[PDB]
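Participant: To be precise about what I am sending: the file is called data25.pdb and holds PDB, C-alpha atoms (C1' of nucleotides).
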MODEL        1
ATOM      1  CA  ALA A 566     156.927 133.354 147.113  1.00  0.00           C
ATOM      2  CA  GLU A 567     154.662 131.348 144.803  1.00  0.00           C
ATOM      3  CA  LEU A 568     151.495 133.036 146.060  1.00  0.00           C
ATOM      4  CA  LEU A 569     153.078 136.497 145.895  1.00  0.00           C
ATOM      5  CA  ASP A 570     154.137 135.907 142.290  1.00  0.00           C
ATOM      6  CA  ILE A 571     150.704 134.560 141.332  1.00  0.00           C
ATOM      7  CA  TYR A 572     149.004 137.585 142.904  1.00  0.00           C
ATOM      8  CA  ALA A 573     151.384 139.997 141.173  1.00  0.00           C
ATOM      9  CA  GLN A 574     150.909 138.274 137.795  1.00  0.00           C
ATOM     10  CA  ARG A 575     147.110 138.278 138.088  1.00  0.00           C
ATOM     11  CA  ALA A 576     147.043 141.911 139.259  1.00  0.00           C
ATOM     12  CA  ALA A 577     149.486 142.969 136.512  1.00  0.00           C
ATOM     13  CA  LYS A 578     147.651 142.106 133.283  1.00  0.00           C
ATOM     14  CA  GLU A 579     144.018 142.754 132.332  1.00  0.00           C
ATOM     15  CA  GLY A 580     141.422 140.002 132.084  1.00  0.00           C
ATOM     16  CA  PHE A 581     138.778 139.330 129.476  1.00  0.00           C
ATOM     17  CA  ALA A 582     136.033 141.949 129.157  1.00  0.00           C
ATOM     18  CA  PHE A 583     132.929 139.821 128.681  1.00  0.00           C
ATOM     19  CA  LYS A 584     130.301 141.019 126.204  1.00  0.00           C
ATOM     20  CA  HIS A 585     126.768 140.801 127.605  1.00  0.00           C
ATOM     21  CA  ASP A 586     123.614 140.273 125.545  1.00  0.00           C
ATOM     22  CA  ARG A 587     120.392 141.662 127.003  1.00  0.00           C
ATOM     23  CA  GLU A 588     117.548 139.807 125.279  1.00  0.00           C
ATOM     24  CA  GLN A 589     119.474 136.548 124.755  1.00  0.00           C
ATOM     25  CA  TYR A 590     120.347 136.389 128.459  1.00  0.00           C
ATOM     26  CA  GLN A 591     116.709 137.297 129.096  1.00  0.00           C
ATOM     27  CA  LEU A 592     115.679 133.923 127.655  1.00  0.00           C
ATOM     28  CA  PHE A 593     118.066 132.176 130.043  1.00  0.00           C
ATOM     29  CA  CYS A 594     116.536 134.210 132.870  1.00  0.00           C
ATOM     30  CA  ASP A 595     113.088 133.094 131.698  1.00  0.00           C
ATOM     31  CA  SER A 596     114.286 129.484 131.940  1.00  0.00           C
ATOM     32  CA  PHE A 597     114.474 129.944 135.737  1.00  0.00           C
ATOM     33  CA  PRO A 598     111.253 128.581 137.402  1.00  0.00           C
ATOM     34  CA  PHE A 599     111.536 130.955 140.372  1.00  0.00           C
ATOM     35  CA  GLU A 600     111.883 134.650 141.201  1.00  0.00           C
ATOM     36  CA  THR A 601     115.311 135.840 142.309  1.00  0.00           C
ATOM     37  CA  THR A 602     115.068 137.343 145.771  1.00  0.00           C
ATOM     38  CA  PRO A 603     116.277 140.967 145.910  1.00  0.00           C
ATOM     39  CA  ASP A 604     119.621 139.965 147.488  1.00  0.00           C
ATOM     40  CA  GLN A 605     120.273 137.032 145.136  1.00  0.00           C
ATOM     41  CA  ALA A 606     119.431 139.282 142.172  1.00  0.00           C
ATOM     42  CA  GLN A 607     121.818 141.936 143.556  1.00  0.00           C
ATOM     43  CA  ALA A 608     124.612 139.376 143.834  1.00  0.00           C
ATOM     44  CA  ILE A 609     123.804 138.332 140.262  1.00  0.00           C
ATOM     45  CA  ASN A 610     124.035 141.937 139.078  1.00  0.00           C
ATOM     46  CA  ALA A 611     127.342 142.522 140.859  1.00  0.00           C
ATOM     47  CA  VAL A 612     128.740 139.312 139.355  1.00  0.00           C
ATOM     48  CA  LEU A 613     127.678 140.161 135.804  1.00  0.00           C
ATOM     49  CA  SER A 614     128.815 143.780 136.102  1.00  0.00           C
ATOM     50  CA  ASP A 615     132.245 142.651 137.315  1.00  0.00           C
ATOM     51  CA  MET A 616     132.543 140.009 134.580  1.00  0.00           C
ATOM     52  CA  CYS A 617     131.704 142.681 131.995  1.00  0.00           C
ATOM     53  CA  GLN A 618     134.801 144.715 132.956  1.00  0.00           C
ATOM     54  CA  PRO A 619     138.407 144.505 131.704  1.00  0.00           C
ATOM     55  CA  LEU A 620     139.575 143.764 135.248  1.00  0.00           C
ATOM     56  CA  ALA A 621     139.877 140.147 136.346  1.00  0.00           C
ATOM     57  CA  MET A 622     136.934 139.183 138.541  1.00  0.00           C
ATOM     58  CA  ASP A 623     137.825 137.934 142.022  1.00  0.00           C
ATOM     59  CA  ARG A 624     134.667 137.680 144.115  1.00  0.00           C
ATOM     60  CA  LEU A 625     132.993 135.755 146.921  1.00  0.00           C
ATOM     61  CA  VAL A 626     129.332 134.736 147.055  1.00  0.00           C
ATOM     62  CA  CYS A 627     129.189 133.947 150.758  1.00  0.00           C
ATOM     63  CA  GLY A 628     125.505 133.499 151.551  1.00  0.00           C
ATOM     64  CA  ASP A 629     123.671 131.089 153.820  1.00  0.00           C
ATOM     65  CA  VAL A 630     123.058 127.529 152.634  1.00  0.00           C
ATOM     66  CA  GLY A 631     120.126 126.850 150.341  1.00  0.00           C
ATOM     67  CA  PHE A 632     119.591 130.481 149.307  1.00  0.00           C
ATOM     68  CA  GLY A 633     120.093 129.854 145.589  1.00  0.00           C
ATOM     69  CA  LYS A 634     123.856 130.392 145.544  1.00  0.00           C
ATOM     70  CA  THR A 635     124.232 127.917 142.677  1.00  0.00           C
ATOM     71  CA  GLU A 636     121.963 129.881 140.326  1.00  0.00           C
ATOM     72  CA  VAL A 637     124.210 132.967 140.426  1.00  0.00           C
ATOM     73  CA  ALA A 638     127.095 130.780 139.275  1.00  0.00           C
ATOM     74  CA  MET A 639     124.859 129.280 136.585  1.00  0.00           C
ATOM     75  CA  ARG A 640     124.029 132.748 135.235  1.00  0.00           C
ATOM     76  CA  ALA A 641     127.699 133.739 135.290  1.00  0.00           C
ATOM     77  CA  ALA A 642     128.540 130.526 133.440  1.00  0.00           C
ATOM     78  CA  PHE A 643     125.867 131.281 130.838  1.00  0.00           C
ATOM     79  CA  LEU A 644     127.330 134.750 130.301  1.00  0.00           C
ATOM     80  CA  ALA A 645     130.828 133.292 129.927  1.00  0.00           C
ATOM     81  CA  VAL A 646     129.829 130.448 127.591  1.00  0.00           C
ATOM     82  CA  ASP A 647     127.837 132.816 125.387  1.00  0.00           C
ATOM     83  CA  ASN A 648     131.318 134.140 124.514  1.00  0.00           C
ATOM     84  CA  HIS A 649     132.833 130.626 124.219  1.00  0.00           C
ATOM     85  CA  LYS A 650     135.058 130.696 127.300  1.00  0.00           C
ATOM     86  CA  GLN A 651     134.815 127.107 128.619  1.00  0.00           C
ATOM     87  CA  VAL A 652     133.528 127.629 132.147  1.00  0.00           C
ATOM     88  CA  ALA A 653     135.281 125.302 134.603  1.00  0.00           C
ATOM     89  CA  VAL A 654     133.484 124.215 137.784  1.00  0.00           C
ATOM     90  CA  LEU A 655     135.394 122.765 140.751  1.00  0.00           C
ATOM     91  CA  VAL A 656     133.521 121.048 143.599  1.00  0.00           C
ATOM     92  CA  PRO A 657     135.277 119.139 146.423  1.00  0.00           C
ATOM     93  CA  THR A 658     133.374 115.860 146.072  1.00  0.00           C
ATOM     94  CA  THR A 659     131.959 113.376 143.579  1.00  0.00           C
ATOM     95  CA  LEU A 660     128.363 113.779 144.762  1.00  0.00           C
ATOM     96  CA  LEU A 661     128.615 117.528 144.204  1.00  0.00           C
ATOM     97  CA  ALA A 662     130.104 116.813 140.782  1.00  0.00           C
ATOM     98  CA  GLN A 663     127.155 114.572 139.875  1.00  0.00           C
ATOM     99  CA  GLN A 664     124.491 116.866 141.349  1.00  0.00           C
ATOM    100  CA  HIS A 665     125.877 119.946 139.609  1.00  0.00           C
ATOM    101  CA  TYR A 666     126.222 117.964 136.381  1.00  0.00           C
ATOM    102  CA  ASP A 667     122.527 117.087 136.602  1.00  0.00           C
ATOM    103  CA  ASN A 668     121.483 120.635 137.518  1.00  0.00           C
ATOM    104  CA  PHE A 669     123.570 122.280 134.784  1.00  0.00           C
ATOM    105  CA  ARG A 670     122.365 119.774 132.193  1.00  0.00           C
ATOM    106  CA  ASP A 671     118.765 120.471 133.216  1.00  0.00           C
TER
ATOM    107  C1'   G B   1     175.510 145.251 198.842  1.00  0.00           C
ATOM    108  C1'   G B   2     176.865 140.449 200.891  1.00  0.00           C
ATOM    109  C1'   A B   3     179.680 135.854 200.959  1.00  0.00           C
ATOM    110  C1'   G B   4     184.082 132.754 199.594  1.00  0.00           C
ATOM    111  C1'   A B   5     189.275 132.242 197.428  1.00  0.00           C
ATOM    112  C1'   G B   6     193.909 134.235 196.509  1.00  0.00           C
ATOM    113  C1'   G B   7     197.638 138.171 197.026  1.00  0.00           C
ATOM    114  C1'   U B   8     200.922 142.908 199.207  1.00  0.00           C
ATOM    115  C1'   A B   9     203.029 145.998 203.504  1.00  0.00           C
TER
ATOM    116  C1'  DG C   1     172.049 122.966 254.491  1.00  0.00           C
ATOM    117  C1'  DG C   2     176.529 124.101 252.796  1.00  0.00           C
ATOM    118  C1'  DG C   3     181.092 124.586 251.531  1.00  0.00           C
ATOM    119  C1'  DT C   4     183.277 122.607 248.098  1.00  0.00           C
ATOM    120  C1'  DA C   5     184.376 120.871 243.323  1.00  0.00           C
ATOM    121  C1'  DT C   6     183.233 119.932 238.862  1.00  0.00           C
ATOM    122  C1'  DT C   7     181.073 120.808 234.453  1.00  0.00           C
ATOM    123  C1'  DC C   8     179.141 123.590 230.862  1.00  0.00           C
ATOM    124  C1'  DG C   9     178.385 127.139 228.082  1.00  0.00           C
ATOM    125  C1'  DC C  10     179.468 131.965 226.581  1.00  0.00           C
ATOM    126  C1'  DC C  11     182.771 135.437 225.169  1.00  0.00           C
ATOM    127  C1'  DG C  12     187.099 137.024 222.983  1.00  0.00           C
ATOM    128  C1'  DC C  13     191.090 136.594 219.426  1.00  0.00           C
ATOM    129  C1'  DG C  14     195.367 143.571 214.240  1.00  0.00           C
ATOM    130  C1'  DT C  15     195.299 147.304 210.278  1.00  0.00           C
ATOM    131  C1'  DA C  16     195.222 148.868 205.353  1.00  0.00           C
ATOM    132  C1'  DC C  17     194.953 147.694 200.430  1.00  0.00           C
ATOM    133  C1'  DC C  18     194.689 144.718 195.528  1.00  0.00           C
ATOM    134  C1'  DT C  19     192.701 140.540 192.227  1.00  0.00           C
ATOM    135  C1'  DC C  20     188.956 137.181 191.239  1.00  0.00           C
ATOM    136  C1'  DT C  21     184.002 134.339 191.403  1.00  0.00           C
ATOM    137  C1'  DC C  22     179.135 133.823 192.816  1.00  0.00           C
ATOM    138  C1'  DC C  23     174.292 135.324 195.220  1.00  0.00           C
ATOM    139  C1'  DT C  24     167.833 128.589 195.740  1.00  0.00           C
ATOM    140  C1'  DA C  25     165.236 124.154 194.469  1.00  0.00           C
ATOM    141  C1'  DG C  26     161.749 122.537 192.546  1.00  0.00           C
ATOM    142  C1'  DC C  27     156.711 122.544 190.723  1.00  0.00           C
ATOM    143  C1'  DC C  28     153.152 123.992 187.699  1.00  0.00           C
ATOM    144  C1'  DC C  29     150.799 125.803 184.241  1.00  0.00           C
ATOM    145  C1'  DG C  30     150.075 127.511 180.155  1.00  0.00           C
ATOM    146  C1'  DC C  31     152.101 128.191 175.728  1.00  0.00           C
ATOM    147  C1'  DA C  32     152.777 125.915 171.945  1.00  0.00           C
ATOM    148  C1'  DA C  33     154.443 122.479 169.198  1.00  0.00           C
ATOM    149  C1'  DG C  34     154.491 118.238 167.380  1.00  0.00           C
ATOM    150  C1'  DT C  35     151.273 113.816 166.503  1.00  0.00           C
ATOM    151  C1'  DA C  36     146.781 109.204 165.479  1.00  0.00           C
ATOM    152  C1'  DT C  37     141.947 108.456 162.717  1.00  0.00           C
ATOM    153  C1'  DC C  38     138.185 110.283 158.443  1.00  0.00           C
ATOM    154  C1'  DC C  39     136.616 111.438 153.449  1.00  0.00           C
ATOM    155  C1'  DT C  40     137.852 112.618 147.914  1.00  0.00           C
ATOM    156  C1'  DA C  41     141.602 112.979 144.517  1.00  0.00           C
ATOM    157  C1'  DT C  42     145.994 110.343 143.083  1.00  0.00           C
ATOM    158  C1'  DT C  43     149.942 105.812 141.383  1.00  0.00           C
ATOM    159  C1'  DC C  44     150.633 100.425 142.680  1.00  0.00           C
ATOM    160  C1'  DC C  45     149.667  96.149 140.987  1.00  0.00           C
ATOM    161  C1'  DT C  46     148.208  90.758 141.350  1.00  0.00           C
ATOM    162  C1'  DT C  47     144.186  86.737 140.578  1.00  0.00           C
ATOM    163  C1'  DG C  48     139.703  83.615 138.949  1.00  0.00           C
ATOM    164  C1'  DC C  49     136.771  81.888 135.648  1.00  0.00           C
ATOM    165  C1'  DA C  50     134.377  81.879 131.069  1.00  0.00           C
ATOM    166  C1'  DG C  51     134.863  82.838 125.983  1.00  0.00           C
ATOM    167  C1'  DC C  52     137.210  81.146 122.215  1.00  0.00           C
ATOM    168  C1'  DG C  53     139.979  80.163 117.994  1.00  0.00           C
ATOM    169  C1'  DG C  54     141.524  76.359 116.163  1.00  0.00           C
ATOM    170  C1'  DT C  55     142.130  71.991 114.997  1.00  0.00           C
TER
ENDMDL
END
Using the file provided, produce a representation of the structure as structure tokens.
Facilitator:
Amino acid sequence: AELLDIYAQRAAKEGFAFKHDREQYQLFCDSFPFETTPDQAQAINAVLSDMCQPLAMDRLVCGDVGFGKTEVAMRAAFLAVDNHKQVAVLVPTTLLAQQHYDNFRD
RNA sequence: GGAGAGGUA
DNA sequence: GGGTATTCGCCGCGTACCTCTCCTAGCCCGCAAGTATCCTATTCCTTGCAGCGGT
């Protein structure tokens, strides 16, 4: 019952349509000391395109370990926080909390 | 279908 | 040898109809269903020794 009601409530109303800046997000892209591989960049584009829609984004980023999964989330968080939306990160351990704190702060 | 129990003439 | 007696085992004991109950024990194997130890959050407090005002 609880899960059915949550799904119905989330599928009923329309989520925030993020506003994307091209050149300002380009600086954040320039801050990355690597080149996004064509698949990581494609996941990034899908994520940003979905965030920039009225519909609520529900997505999975299932890729193999160590393939830059974190950076896609960092770009999505930058897009969200550019619009002052208080990104919330949830990791299932303290070491992940500390490591992601360090990486995001950097 | 077969066993066992009871019953009628 | 043999005529006799004695024992032993087999075969047999009516028709027709009506009501009811009950037809293997046990094992095994796989389903599946219900439990003791390991990390990251939480609510639960009770001691030991040095500062420290204050006189």
Participant: Which residues match the PyMOL selection byres ((chain B and resi 1) around 12) in the file above, as a PDB file with C-alpha atoms (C1' of nucleotides), keeping the file's coordinate frame?
Facilitator:
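Below you can see selection.pdb, which holds the result:
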ATOM      1  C1'   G B   2     176.865 140.449 200.891  1.00  0.00           C
ATOM      2  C1'   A B   3     179.680 135.854 200.959  1.00  0.00           C
TER       3        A B   3
ATOM      4  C1'  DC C  23     174.292 135.324 195.220  1.00  0.00           C
TER       5       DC C  23
END
Participant: So the first atom is atom CA of residue 598 of chain A and the second is atom CA of residue 665 of chain A; what is the distance between them in Å, to one decimal place?
Facilitator: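 Result for atom CA of residue 598 of chain A versus atom CA of residue 665 of chain A: 17.1 Å, one decimal.
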Participant: Mind dumping a table of every segment 591-668 of chain A residue within 10 Å of segment 31-43 of chain C, with the nearest atom pair and its distance in Å to one decimal, using only C-alpha atoms (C1' of nucleotides), sorted by chain and rising number, as a Markdown table?
Facilitator:
| residue | atom | partner | partner_atom | distance |
| --- | --- | --- | --- | --- |
| A:657 | CA | C:40 | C1' | 7.2 |
| A:658 | CA | C:40 | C1' | 5.8 |
| A:659 | CA | C:40 | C1' | 7.4 |
Participant: Just say which residues the PyMOL selection byres ((chain A and resi 597) around 12) picks in this file, as an NGL selection string.
Facilitator: :A and (590-596 or 598-601 or 633 or 636-637 or 639-640 or 668-669 or 671)
Participant: Quick one: write out the picked residues with C-alpha atoms as a PDB file, in the coordinates of the input?
Facilitator:
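Written out: again_12.pdb:
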ATOM      1  CA  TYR A 590     120.347 136.389 128.459  1.00  0.00           C
ATOM      2  CA  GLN A 591     116.709 137.297 129.096  1.00  0.00           C
ATOM      3  CA  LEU A 592     115.679 133.923 127.655  1.00  0.00           C
ATOM      4  CA  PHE A 593     118.066 132.176 130.043  1.00  0.00           C
ATOM      5  CA  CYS A 594     116.536 134.210 132.870  1.00  0.00           C
ATOM      6  CA  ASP A 595     113.088 133.094 131.698  1.00  0.00           C
ATOM      7  CA  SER A 596     114.286 129.484 131.940  1.00  0.00           C
ATOM      8  CA  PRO A 598     111.253 128.581 137.402  1.00  0.00           C
ATOM      9  CA  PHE A 599     111.536 130.955 140.372  1.00  0.00           C
ATOM     10  CA  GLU A 600     111.883 134.650 141.201  1.00  0.00           C
ATOM     11  CA  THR A 601     115.311 135.840 142.309  1.00  0.00           C
ATOM     12  CA  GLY A 633     120.093 129.854 145.589  1.00  0.00           C
ATOM     13  CA  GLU A 636     121.963 129.881 140.326  1.00  0.00           C
ATOM     14  CA  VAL A 637     124.210 132.967 140.426  1.00  0.00           C
ATOM     15  CA  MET A 639     124.859 129.280 136.585  1.00  0.00           C
ATOM     16  CA  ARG A 640     124.029 132.748 135.235  1.00  0.00           C
ATOM     17  CA  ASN A 668     121.483 120.635 137.518  1.00  0.00           C
ATOM     18  CA  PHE A 669     123.570 122.280 134.784  1.00  0.00           C
ATOM     19  CA  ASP A 671     118.765 120.471 133.216  1.00  0.00           C
TER      20      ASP A 671
END
Participant: Give me the residues near residue 9 of chain B as an NGL selection string, where near means some atom within 12 Å (using all atoms listed in the file) and where sequence neighbours in that chain fewer than 3 positions away do not count.
Facilitator: :C and (15-18)
Participant: Store the residues picked out above in a file with C-alpha atoms (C1' of nucleotides), as a PDB file, keeping the file's coordinate frame.
Facilitator:
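Writing the result to out.pdb gives the following:
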ATOM      1  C1'  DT C  15     195.299 147.304 210.278  1.00  0.00           C
ATOM      2  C1'  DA C  16     195.222 148.868 205.353  1.00  0.00           C
ATOM      3  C1'  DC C  17     194.953 147.694 200.430  1.00  0.00           C
ATOM      4  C1'  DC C  18     194.689 144.718 195.528  1.00  0.00           C
TER       5       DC C  18
END
Participant: Take the PyMOL selection byres ((chain A and resi 605) around 10), apply it to the structure above, and return the hits as a ChimeraX atom specification.
Facilitator: /A:600-604,606-611,626,628,632-634,636-637
Participant: How about saving the chosen residues, C-alpha atoms kept, as a JSON list (two decimals), keeping the file's coordinate frame?
Facilitator:
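The new file part-v2.json reads:
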[["chain", "number", "residue", "atom", "x", "y", "z"],
["A", 600, "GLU", "CA", 111.88, 134.65, 141.20],
["A", 601, "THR", "CA", 115.31, 135.84, 142.31],
["A", 602, "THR", "CA", 115.07, 137.34, 145.77],
["A", 603, "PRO", "CA", 116.28, 140.97, 145.91],
["A", 604, "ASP", "CA", 119.62, 139.96, 147.49],
["A", 606, "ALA", "CA", 119.43, 139.28, 142.17],
["A", 607, "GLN", "CA", 121.82, 141.94, 143.56],
["A", 608, "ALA", "CA", 124.61, 139.38, 143.83],
["A", 609, "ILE", "CA", 123.80, 138.33, 140.26],
["A", 610, "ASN", "CA", 124.04, 141.94, 139.08],
["A", 611, "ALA", "CA", 127.34, 142.52, 140.86],
["A", 626, "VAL", "CA", 129.33, 134.74, 147.06],
["A", 628, "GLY", "CA", 125.50, 133.50, 151.55],
["A", 632, "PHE", "CA", 119.59, 130.48, 149.31],
["A", 633, "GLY", "CA", 120.09, 129.85, 145.59],
["A", 634, "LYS", "CA", 123.86, 130.39, 145.54],
["A", 636, "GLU", "CA", 121.96, 129.88, 140.33],
["A", 637, "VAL", "CA", 124.21, 132.97, 140.43]]
Participant: Calculate how many Å separate atom CA of residue 635 of chain A from atom CA of residue 584 of chain A, rounding to one decimal.
Facilitator: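 If I compute the distance from atom CA of residue 635 of chain A to atom CA of residue 584 of chain A, I get 21.9 Å.
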Participant: Return as JSON the centre and edge lengths, in Å with one decimal, of the box along x, y and z that encloses every atom of segment 2-9 of chain B in the file, padded by 4 Å per side.
Facilitator:
{"center_x": 189.9, "center_y": 139.1, "center_z": 200.0, "size_x": 34.2, "size_y": 21.8, "size_z": 15.0}
Participant: Distance atom CA of residue 652 of chain A-atom CA of residue 666 of chain A, one decimal place?
Facilitator: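 The value is 12.8 Å.
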Participant: Using only C-alpha atoms (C1' of nucleotides), which protein or nucleic acid residues come within 12 Å of residue 6 of chain B? Drop anything in the same chain fewer than 5 positions from it, and give the result as number ranges by chain.
Facilitator: C: 18-21
Participant: Write out, as a compact mmCIF listing (two decimals), keeping the file's coordinate frame, the residues just selected, with C-alpha atoms (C1' of nucleotides).
Facilitator:
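Final file, result.txt:
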# COMPACT_ATOMS: atom_id res chain seq x y z
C1' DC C 18 194.69 144.72 195.53
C1' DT C 19 192.70 140.54 192.23
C1' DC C 20 188.96 137.18 191.24
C1' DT C 21 184.00 134.34 191.40
Participant: As a compact mmCIF listing (two decimals), keeping the file's coordinate frame, could you write out segment 659-671 of chain A once it has been completed with N, CA and C atoms?
Facilitator:
# COMPACT_ATOMS: atom_id res chain seq x y z
N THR A 659 132.60 114.03 144.72
CA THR A 659 131.96 113.38 143.58
C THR A 659 130.45 113.59 143.57
N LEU A 660 129.80 113.56 144.73
CA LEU A 660 128.36 113.78 144.76
C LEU A 660 128.02 115.19 144.32
N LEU A 661 128.82 116.18 144.72
CA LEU A 661 128.62 117.53 144.20
C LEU A 661 128.84 117.56 142.70
N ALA A 662 129.87 116.86 142.22
CA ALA A 662 130.10 116.81 140.78
C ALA A 662 128.87 116.29 140.05
N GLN A 663 128.31 115.18 140.53
CA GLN A 663 127.16 114.57 139.88
C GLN A 663 125.92 115.46 139.98
N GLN A 664 125.66 116.02 141.17
CA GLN A 664 124.49 116.87 141.35
C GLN A 664 124.57 118.11 140.47
N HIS A 665 125.73 118.76 140.44
CA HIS A 665 125.88 119.95 139.61
C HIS A 665 125.86 119.59 138.13
N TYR A 666 126.37 118.42 137.76
CA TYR A 666 126.22 117.96 136.38
C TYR A 666 124.75 117.86 136.01
N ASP A 667 123.96 117.22 136.87
CA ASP A 667 122.53 117.09 136.60
C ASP A 667 121.85 118.45 136.52
N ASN A 668 122.14 119.33 137.48
CA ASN A 668 121.48 120.64 137.52
C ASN A 668 121.85 121.48 136.30
N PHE A 669 123.13 121.51 135.94
CA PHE A 669 123.57 122.28 134.78
C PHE A 669 123.00 121.71 133.50
N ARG A 670 122.96 120.38 133.38
CA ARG A 670 122.36 119.77 132.19
C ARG A 670 120.88 120.11 132.09
N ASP A 671 120.17 120.10 133.22
CA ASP A 671 118.76 120.47 133.22
C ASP A 671 118.58 121.92 132.78
